[PDB]
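Chemist: Following this message is one structure expressed as structure tokens.
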Amino acid sequence: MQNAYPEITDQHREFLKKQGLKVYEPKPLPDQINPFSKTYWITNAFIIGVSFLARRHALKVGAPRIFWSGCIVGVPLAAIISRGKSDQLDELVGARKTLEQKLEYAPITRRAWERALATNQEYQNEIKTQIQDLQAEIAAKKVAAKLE
Amino acid sequence: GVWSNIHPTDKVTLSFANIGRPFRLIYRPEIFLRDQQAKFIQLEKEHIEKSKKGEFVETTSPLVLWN
Amino acid sequence: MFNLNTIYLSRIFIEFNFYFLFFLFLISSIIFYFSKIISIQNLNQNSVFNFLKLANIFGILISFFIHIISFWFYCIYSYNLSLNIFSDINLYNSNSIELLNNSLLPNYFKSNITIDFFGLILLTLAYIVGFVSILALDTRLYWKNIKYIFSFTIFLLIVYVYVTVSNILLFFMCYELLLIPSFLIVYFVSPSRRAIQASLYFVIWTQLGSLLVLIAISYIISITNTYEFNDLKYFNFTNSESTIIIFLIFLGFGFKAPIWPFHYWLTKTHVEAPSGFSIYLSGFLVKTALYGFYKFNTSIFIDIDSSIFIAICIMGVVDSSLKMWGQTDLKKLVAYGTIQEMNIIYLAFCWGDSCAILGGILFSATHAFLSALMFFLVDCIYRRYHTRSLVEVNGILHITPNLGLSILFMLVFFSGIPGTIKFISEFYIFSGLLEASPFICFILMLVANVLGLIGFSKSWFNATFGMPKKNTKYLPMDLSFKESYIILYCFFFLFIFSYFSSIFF
Amino acid sequence: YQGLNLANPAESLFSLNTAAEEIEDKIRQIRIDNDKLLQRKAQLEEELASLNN
Amino acid sequence: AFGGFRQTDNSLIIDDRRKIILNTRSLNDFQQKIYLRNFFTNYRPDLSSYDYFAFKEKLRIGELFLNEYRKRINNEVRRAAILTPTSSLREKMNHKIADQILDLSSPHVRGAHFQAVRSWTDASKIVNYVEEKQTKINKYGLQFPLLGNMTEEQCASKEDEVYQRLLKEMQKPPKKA
Amino acid sequence: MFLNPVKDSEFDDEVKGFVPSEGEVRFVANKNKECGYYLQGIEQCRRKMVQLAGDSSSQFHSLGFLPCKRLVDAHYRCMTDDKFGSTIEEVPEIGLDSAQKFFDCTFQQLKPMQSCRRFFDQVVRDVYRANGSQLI
Amino acid sequence: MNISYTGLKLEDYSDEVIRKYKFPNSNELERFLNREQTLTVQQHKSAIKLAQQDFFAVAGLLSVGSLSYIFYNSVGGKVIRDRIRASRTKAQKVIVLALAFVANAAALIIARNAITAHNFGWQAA
Amino acid sequence: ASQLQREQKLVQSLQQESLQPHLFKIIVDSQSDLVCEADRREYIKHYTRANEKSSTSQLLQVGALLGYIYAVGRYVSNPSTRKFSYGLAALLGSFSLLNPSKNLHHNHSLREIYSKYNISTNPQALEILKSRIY
Ligand SMILES: CCCCCCCCCCCCCCCCCC(=O)OC[C@H](COP(=O)([O-])OCC(O)COP(=O)([O-])OC[C@@H](COC(=O)CCCCCCCCCCCCCCCCC)OC(=O)CCCCCCCCCCCCCCCCC)OC(=O)CCCCCCCCCCCCCCCCC
Ligand SMILES: CCCCCCCCCCCCCCCCCC(=O)OC[C@H](COP(=O)([O-])OCC[N+](C)(C)C)OC(=O)CCCCCCCCCCCCCCCCC
Ligand SMILES: CCCCCCCCCCCCCCCCCC(=O)OC[C@H](COP(=O)([O-])OCC[N+](C)(C)C)OC(=O)CCCCCCCCCCCCCCCCC
Ligand SMILES: CCCCCCCCCCCCCCCC(=O)OC[C@H](COP(=O)(O)O)OC(=O)CCCCCCCCCCCCCCC
């Protein structure tokens, strides 16, 4: 995958920002829509309970109840479908799957990449500390030379 | 089991699939091949003896049999 | 994450389901033979016929459940086997895993089982269509033909060996074994008197093609002494031998799978056969020929133009579609529909092992279920209204609303609405044919889906609608639970099989 | 199970190739950063040597 | 043992390698095998049975992979249509995207045709492309759960190997120019 | 297989594919069809020798796989059309590396013949690419 | 048969040739001889035993469930069945409802277990 | 830092006895030349036999449940619903209390096999393990 549209400049982006435009950004699913949300599961539990009570009442008053049965049965099925759709690495119009999301299906590369990033970060930190030590030594030499 | 214990192939396949082929080839193919190669065996033996000796015979070189 | 446990479970399930069926059949037959001096029904509540019916029905059903499990295991096994072969690229590494057979039951006919997706689809069709047909034939079996309660179990065993064998000769023998039970059913179970001649026509017409396939098999075996079905890779047939083999194979298997002009036997047999056995015939017995043709033609290398075979298939489709209009007999109309669908399926196999095979397999499945549905509806109409002719039957919906609704929904499914495997198969075949020969594709689509469809719909709509003023003392009541649930299951399969894993399609 | 496990090998290959390309891009960025840090350290060492001289 | 079918043609066969002359009608089974039936019936007859099975699977996956390219570019066009208003939409499409759409046409990708008519050279090229992608993936071991099966020890060894490879790649300096 | 490494590659391992010439493909296919007996013989003789002298205490343990030498040499001569020497040891330097890889595959790693035929065919292909008009 | 160790001497063959045709490690030789380079025959036997046990359990459970469901729900018309179940005792009603479901569900779960390879040691991160 | 901590954790696991059978199985999988082929095969056999999960446990649990329900229903006259429910709940709860422990170290076959190698304080075993951690 590579960028398809022609590129624009950061100065142009800042000009647009001053003009008052905003950069389109996909928004996270709200708690009601999110299938991994406490709000979503509270709604599911409430649906199941109310469906059981209403199904009992329908049986008492001699009314159809297969629809309440369908609600109870389909709550887990709807959850399965929603969770599977979220987990699939299919990119509809929306947020692109990130490297972490793609690596969630590559356990070996995920762990190896995490370890490599940690080691690289330690290496960069060591180099930065050495750079700071060199700067301190240069400053000390300059001060000593000026005093002498 | 018993009726087929003569041959690993099933009886129906033995009856129909094998048409015109010698029963020596169907059963005991190793003896069939060795009888077919009788003279080639001695040619290969002579070639090996000569190869151990200085002489190298190219005419019978292809005859390297394992069955 | 695939492990050897799944491999062995798949193999064990496939091997042991056959022996489950065989032991059930053996026990039932032993009971039947040794319980009575004369193997006929005792007309009383304590007859062994009830036990035999129970055993057959719920051996077929339980074996069908086990077949579902084994088919799923096979799908996982085949997918992961392809992944194992494809994934590794190192030259030193190679996938060489060898499996040791169990010590509990022997290999039937000393043959190692090999299973393919098409074979298992055929076996699933056998199970389901056999279940429907056995449920249909209860009213036909009475007091001297009860011995034919085992016909569908025998069919299942034959088909199991047919689809789980890698031997050419065993393959051919299993294909040829299907004649005797079917002929006996038509001869001894058919109520109509014309069934006697219909059975002879069936036997002769199918046996001509059987002889053609026998000649082809003789050519292959005599030339290539092999029988493993895979040694043909190392042997190449000359042009003359290859053209002879393909012609013989195509004509012989088209005698069974009806093609123009060899469908006279099919029309006669469908009209004059038991309503419960017509379901099994059309649904399954014409597709073993397709499976055999596929196997043989994909194993052999053919360097001939398939235009002649494609023309034969298209002519059959056109002929059946044009004749649909002129049939007032619902059973004969459904037979012409079966001819049309079978010819389309056969056309799907005219490009060797190209992607057309996927559409052909899907169309075979949908045609099996659709033909079962149509013949079962005709059976219900004939059994409750004592006639299956459009002139004598009219206004079904107003006295039997459920039956009329079933007819209407059957027509809608036959029309090929999106969301149905019928539509998916049509899409596959027509998408390929558009690039293969767009004008031929247009002609085929036009004829089949307009002229044949209108001819088919005219009779069914006329029967469903109208006003049944005649013989008000003899009007029936409605469908039973058995019939209603059979119709519902046919609809449910036709709808939901579109969600089957797309890996194999 | 069908959706999670039995997935199109072609689409799986496409996704994995995209992930590999993204990893390579990140490796390029890491190389650039490491080179910048090394160049800064070398500049400081040269300055220290010049000052000592 | 393989056999043959008696021939009727009265043609003469001249074998220059063995320096003999035969007649088509007089050939025996072995002579028929040697002279007739010696043609090839697959893209890569040089490969063994296992190797050609792998080649066939890679070719099938490669055809599916090209179809996947076409599906992905179509999805990207849909995304562009939804995100970008009709004004400037064609201006932005007249770029890499339009060229790729045309370059992924029917001759290059078998969308729904029964057969992708490919010469053996084209099939070899497609298999080589699939193998290049597989090599790139296996460098970092992204094929463990998908497009591959391995044991626990194999997974651990591959993780260590990928870790070492990533460390070495990071330590390498940037490419000049 | 049939992949060439990228000489100037940004990352450590990169490969670009190539397609062998039709003449090379025809030569390899014909020679494999003609000499397939020798390869099956190599497999069977390898298993036989391992069974006979696999045990350390066996008298012939110090002569392991030497009987397979005649089969290997015959296979090499059959594949190369009796040219380029009468023994595997006489393989040209162009195919020497692939010959060593094949020997490691067959006798040291004891890998499947499916794997080791790849290296043997690589030796033949190297010779054919080097010469071209000499083999045909 | 001329393919044998008889007549072979290490003096005739060169040192490089001997090194090339030298026996590998004893462990490698044993693995090659026993065909246990990748998987052990005992692993194959254990897999087969588990497969047979799973099939027997699945088939027995399916048969029990099917027959129980048939015999419990095949007593007559709707009115007759409802009256029989009403007169049915509490424990008898519980078994009639639960036996078929439990058998079928256990069979399906055993089937699902095989395809689902949860017992993989790489679970980490 | 990270690599040092990983190696130290591996050493600690090697020192711990409850993980020695698993670590020796890792060595067996690696096929290191130090482990003899016969010992390797024996360890694979014992480890597979010990770790294999059989459906027999689930089958006997369901059989016990169904048998209890059937017996109470058939061999008891006007059974008390409360007593039946309490018994059913008690049986279901007892099924949960059956938690076998895979004390492979306690298992005398695996321990007998890997004690001679004594992966702990073994440089070759440490080298083998360091490349294989999971
Ligand atoms: C062992 C091998 C087998 C052996 C043999 C065994 C044989 C046994 C016998 C049975 C056969 C078994 C065969 C194998 C089956 C395999 C099944 C399987 O694998 O399941 C898993 C399979 C996929 O599993 P997976 O991929 O692993 O799941 C994880 C994924 O992440 C999940 O994510 P996902 O995105 O992939 O989810 C997929 C699914 C997830 O499900 C959903 O999201 C549910 C969506 C429900 C929508 C309902 C309404 C839709 C229509 C209205 C839309 C417009 C509304 C108004 C808009 C107004 C706007 C202004 O969503 C959809 O597919 C969307 C389709 C929506 C349309 C559905 C109906 C279309 C019309 C069809 C008509 C056909 C009949 C015509 C009749 C004509 C008259 C005769 O999932 C399903 O089975 C899905 C079933 C969905 C059913 C939908 C309900 C149908 C509604 C029909 C209405 C018709 C009304 C009347 C029409 C007009 C009449 C005049
Ligand atoms: C060397 C060994 C040889 C073994 C030979 C096997 C002998 C088989 C003998 C069958 C006798 C059938 C009649 C038994 C008496 C029935 C009494 C009765 O009706 O009361 C109700 C009682 C109990 O009814 P219930 O009300 O408790 O319902 C529950 C049913 N079970 C217990 C099965 C869950 O008996 C039965 O219901 C048993 C029905 C038996 C018939 C089953 C028919 C389906 C197909 C299987 C038939 C057997 C073939 C082998 C198995 C399949 C292949 C693996
Ligand atoms: C449709 C008819 C009514 C229904 C019944 C079906 C009967 C016919 C069944 C198909 C038979 C095959 C016809 C196509 C043959 C195509 C090849 C060909 O012959 O071209 C010349 C072929 C192909 O030649 P070529 O030019 O392609 O290449 C070879 C050329 N030479 C030899 C010069 C190097 O040439 C031959 O070798 C002659 C073969 C003639 C074989 C004819 C007899 C076949 C006998 C076996 C089948 C008998 C079935 C009878 C069934 C009962 C009938 C009542
Ligand atoms: C209906 C239960 C299904 C159980 C699942 C496995 C079925 C296997 C096929 C059994 C066929 C009928 C018996 C055949 C006897 C015979 O002659 O069998 C003869 C052969 C003997 O073969 P050999 O002579 O070669 O040794 O039997 C076998 O090979 C194995 C028979 C099956 C072994 C498992 C038995 C399971 C018992 C389950 C009891 C509970 C069932 C409850 C049902 C309601």
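The way I read the labels, and the way they are meant: chains A, B, ... in the order of the structure tokens, residue 1 as the first residue of every chain, and ligand 1 as the first ligand shown, with later ones counted on from there.
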If we count only C-alpha atoms and set the cut-off at 12 Å, which residues sit around residue 92 of chain G, ignoring sequence neighbours fewer than 2 positions away in its own chain? Please answer as a ChimeraX atom specification.
Modeler: /G:72,84-90,94-99 /H:66,68-79,81,84
Chemist: Show me, as a PyMOL selection string, the residues that have an atom within 12 Å of residue 24 of chain D when counting only C-alpha atoms, minus same-chain residues fewer than 6 positions from it.
Modeler: (chain A and resi 99+113) or (chain D and resi 17-18+30-31) or (chain E and resi 136-137+139-140+165-166+169-170) or (chain F and resi 10-12)
Chemist: Would you kindly return, as an MDAnalysis selection string, each protein, DNA or RNA residue with an atom no farther than 12 Å from any atom of residue 39 of chain E, considering only C-alpha atoms and excluding same-chain residues fewer than 5 positions away?
Modeler: (chainID C and resid 234:239 301 303) or (chainID E and resid 32:34 45) or (chainID F and resid 26 29:30 33)
Chemist: Do you know which residues are within 9 Å of ligand 3 using only C-alpha atoms and all ligand atoms? Can you write them as JSON, numbers by chain?
Modeler: {"C": [208, 209, 211, 212, 215, 216, 219, 238, 239, 240, 241, 242, 243, 244, 245, 246, 247, 248, 249, 250, 251, 252, 262, 304], "E": [7, 8, 9, 10, 11, 24]}
Chemist: What residues of the protein or nucleic acid chains come within 6 Å of ligand 2 when you use only C-alpha atoms and all ligand atoms? Reply as a ChimeraX atom specification.
Modeler: /C:20,23-24,27,54-55,58-59 /G:64,67-68,71
Chemist: With C-alpha atoms retained, export the selected residues as a compact mmCIF listing (two decimals), in the first residue's frame.
Modeler:
```txt
# COMPACT_ATOMS: atom_id res chain seq x y z
CA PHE C 20 -21.18 -47.84 11.30
CA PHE C 23 -22.90 -52.89 10.78
CA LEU C 24 -26.33 -51.26 11.09
CA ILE C 27 -27.72 -56.31 11.96
CA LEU C 54 -36.84 -47.27 12.58
CA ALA C 55 -33.38 -48.77 12.06
CA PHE C 58 -32.20 -43.41 12.27
CA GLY C 59 -29.16 -45.10 10.85
CA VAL G 64 -28.38 -41.96 22.58
CA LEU G 67 -33.17 -42.27 20.19
CA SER G 68 -34.10 -40.61 23.48
CA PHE G 71 -38.95 -42.11 21.99
```
Chemist: Report the closest atom pair, with its distance in Å rounded to one decimal, for each residue of chain A that has an atom no farther than 9 Å from ligand 1; count only C-alpha atoms and all ligand atoms, sort by chain and then rising residue number, and write it as a Markdown table.
Modeler:
```
| residue | atom | partner | partner_atom_place_in_ligand_line | distance |
| --- | --- | --- | --- | --- |
| A:77 | CA | ligand 1 | 41 (O) | 8.5 |
| A:78 | CA | ligand 1 | 43 (O) | 7.3 |
| A:80 | CA | ligand 1 | 29 (C) | 6.8 |
| A:81 | CA | ligand 1 | 32 (C) | 4.3 |
| A:82 | CA | ligand 1 | 33 (O) | 6.6 |
| A:83 | CA | ligand 1 | 31 (O) | 6.6 |
| A:84 | CA | ligand 1 | 31 (O) | 3.2 |
| A:85 | CA | ligand 1 | 31 (O) | 3.8 |
| A:86 | CA | ligand 1 | 31 (O) | 7.0 |
| A:87 | CA | ligand 1 | 31 (O) | 7.0 |
| A:88 | CA | ligand 1 | 31 (O) | 6.1 |
```
